[PDB]
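Below you will find one chain, with nothing else, as structure tokens; this is the form deposited in one PDB entry, and questions on how it binds or moves follow later.
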């Protein structure tokens, strides 16, 4: 009857708790551990690659980030770890990390010109430039906001209300300029003491400039602290300000809202498609696990910080 069992030629092996490198007959690998090493399309839609650009620089419209004026739909945003262009004039964006958290759930913006430059009869709209934000060598400024300056030795009170007639949320961006000294303000904003009051159904702000001496960053000692809000349908934002106002020009309709992420990597993009993606490379595979990178997007295997998983499906 000669009871027994077979044995193949494969040299592959598994491991157990009491023994390791046990040679086996057939075994099933469950770890992919390979990637294309290129950013790829995710289910047909290409990502938003912000090359030498940042989320703040993109959204505020940095003059050195010009290829994102009519961005189409995407699935994930790719950014470098230390982008070159971000807030070209020195300053900050309040709740930047929260704005990025909300952009992680947004798949498409359509920028709409909400406040045309014809809506500033009594102020300058073509003099708020600086050498910290050059364009083609000549000075320039953020294109999605307008730095307003005195017209004829005067800065009249700016009271404008924008009602969100659209059927989608609007990401409205403004800011406050922090001047160096009283002389600099009086050169720019005639009123010595100024403010920016902002009101909405669910927001209340009263911003005052901090006229102080600061370090020279990018050749500039003033600081533009930018602010953002999301305005719901049938909700209106009320801007009052007598100075230091970095007014909105373009808002952003949130047209499509879904699943996304900010990838935070600088791998070169190849023309390719995948179901799963990681910052270092894509994953075309049906393995239950992977070990390429923790942060992933799409129908992916499950990350495991290891280098050898294998199920002993064979006899020995």
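Positions refer to the first chain, counted from 1. The term rigid core refers to the maximal set of C-alpha atoms that superpose within 1.5 Å between the two forms.
Unshown form deposited in another entry; subsequent notes refer to it.
Mobile residue between this form and the one not shown, C-alpha criterion 2 Å or more, rigid core, from 129, 106, 99, 114 | The answer here is 129.
Honestly, after the rigid core fit, is residue 28 moving at least 2 Å at Cα between this form and the one not shown?
-> Yes.
Do residue 128 and residue 136 move together or apart in that other deposited form, judged by C-alpha distance changing 3 Å or more?
-> Compared with the form shown here, the C-alpha atoms of residue 128 and residue 136 sit closer together in that other deposited form, by 3 Å or more.
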